[PDB]
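This document contains two forms of one protein chain, each encoded as structure tokens and listed individually as structure 1 and structure 2.
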Structure 1
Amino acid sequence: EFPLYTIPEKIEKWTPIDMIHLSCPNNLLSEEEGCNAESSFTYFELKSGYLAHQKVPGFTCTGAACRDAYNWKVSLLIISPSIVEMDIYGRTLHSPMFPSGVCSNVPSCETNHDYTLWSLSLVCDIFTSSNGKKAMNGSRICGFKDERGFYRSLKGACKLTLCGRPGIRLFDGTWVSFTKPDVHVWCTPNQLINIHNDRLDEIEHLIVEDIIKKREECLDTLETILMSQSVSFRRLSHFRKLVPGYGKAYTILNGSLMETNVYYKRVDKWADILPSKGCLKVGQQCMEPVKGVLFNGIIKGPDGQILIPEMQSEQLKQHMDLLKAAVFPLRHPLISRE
């Protein structure tokens, strides 16, 4: 996932360059795992909104004949209704009337009475086919973008068959199902998938649009730098690569624009980069600021102030907090016996 911030591993050189040489990172996760191909496909998700506790409808037969007796009672002592729970994970049935609380098979089950015993498609129709785009490097699929554009990588993804449908559980916990994902692990059953509600969709689309807005703001900055033949140091904060990877770093030193090749490593908490108020951790030791300028728009504060990255923006992090809080896993029923 998109980190909160990206810090260079270590600054090596500072070679002054021309301003037109600037180029916005265009940061993508597809091309960061080495997947520049992108194909359109149709995957499967849970039905939108709270989709759990299937509550299967059935009847009890008191001693194929039981189906004739039930159809006759609609228009052997049939006792109905006998609504039972279903764990969608293994197509499991749940009720204390079952011997030890669980019946798992496949069209008929048992009961705590040997004289009275207890379709399966309508209750298990809990999926929507939706449109997505998978990133490919030839045959390999690095990851996919869902319907509302959020990119999930398959690194850390397992296999998990919800309600008799082969699918995969992503690293964050969502569940999709498409043809040939090339997954190998199989997902210890204590791992859970998440709800698919419309708030999830809205917040995801908001993070998508926030990222595209990042790149468009960068492009606007460069477009102004060209027709202005001048560049403000704080505007350099727009040219940071948002994801970890090999990129460039920029600074305005000695009155000129300088760049360097550098490796961006993750920053998901502010405290790591500035443990000591005054210090900015680049590598092992803190690096020295000069003349009221650090790099990438980070400033030495004029007076009684300290290294100030653009931590005032805080709009992507807001929507990612809203996303991380608004997810809820789908747990199993309770097993109740006698």
Structure 2
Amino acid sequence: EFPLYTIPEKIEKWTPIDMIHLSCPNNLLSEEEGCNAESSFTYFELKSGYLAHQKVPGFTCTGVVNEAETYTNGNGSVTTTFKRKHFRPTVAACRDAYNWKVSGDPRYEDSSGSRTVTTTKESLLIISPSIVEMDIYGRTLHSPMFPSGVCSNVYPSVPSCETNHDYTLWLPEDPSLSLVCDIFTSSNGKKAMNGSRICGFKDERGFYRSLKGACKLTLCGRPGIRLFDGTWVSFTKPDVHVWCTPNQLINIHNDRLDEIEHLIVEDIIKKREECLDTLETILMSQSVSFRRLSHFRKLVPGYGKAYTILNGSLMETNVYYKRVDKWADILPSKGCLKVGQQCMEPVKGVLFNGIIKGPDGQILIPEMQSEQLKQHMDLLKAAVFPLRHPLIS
């Protein structure tokens, strides 16, 4: 991921240069892993947002029978006594009843004598839609009408789950369970490589993730891998070799993640626009103003250049760029900028990369006062809900 800030490991030489040697950095996260090569490829991730096929459409099926004894009371009365009781359905009956219902027909649906009793016994099955949930980590099928919370059968062969009422069974709408793990999209990403080695990818939004520390995880039949940050994707030759502890969970794929991801990626773009735009006005106004060198800082860790102005001239040195995690790790004192081991003595109020000592003695870094990439980086961290197992226990 992107750091908050970057800072030279050490600063030694400070050689001079002309404004036409100003380079804007390309900020490739994958470079710090040693992979500067980006070839397209295609990977599987969860569908975005709602997963209509983690839910399983089905129907309860209860068997009733209504008896009606129509006796003549001997008063000359004609009296009718009703009894209602239950019975247990067979799966094949329930299916035929359901199919009968989905298309209109005749669905659901007495002589006196003087001295005869008459008993009509009607044997209905009632069919109400009932949705039940599935654990995509491993195909079991949970609901609170099932007696242990878990279906009595198990994917791919569920003729019927057993419910808590001996007279009611649950059948699934599609006895095949053929749609019931279509929860995947195929997206197009850009894989970052070094010859053969695969170090990470940018997903369909442009957001880079590293493969380092990624365990293997099979989700609802498809064997993918779990990326450190928690998200899950499957593609052909992962080079991942450590199965996950079942403790581990993946994350959902909600839309605002994908949205906020895209915000991050246009943020990286806009700093690279703003660096060329600055470097243009630098060469076409032929006036370089120290405030603005801030734009040439290598946003990613790695090797690069650093820039200042002294003795009137403009000048550079070649550095390794440490990741900076907390502002306080480089600003321990007021007025102190921790480069390597000592503070950085500013000459007539300037240090490198546009960092100055303001008139109050404080070390002003422009990125520190407002950075839209950093504010967005936090929202992403906050849109990440882990996809948990079913709660029914």
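For numbering, take structure 1's sequence and count from 1. The term rigid core refers to the most C-alpha atoms you can superpose between the two forms while keeping them within 1.5 Å.
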item: Option from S95, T260, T251, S177 moving between structures 1 and 2, CA shift at or above 2 Å, rigid core reference; value: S95
item: Threshold 2 Å Cα movement between structures 1 and 2 for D272, core superposed; value: no
item: Core-aligned C-alpha movement of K55 between structures 1 and 2, 2 Å or more; value: yes
item: Is_shifted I203 between structures 1 and 2 (CA, 2 Å cut-off, rigid core); value: no
item: Following rigid core superposition, Cα shift of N112 between structures 1 and 2 in Å; value: 11.2
item: Distance the CA of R240 travels between structures 1 and 2 [rigid core superposed, Å]; value: 0.3
item: Cα displacement of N27 between structures 1 and 2, core-superposed (Å); value: 1.4
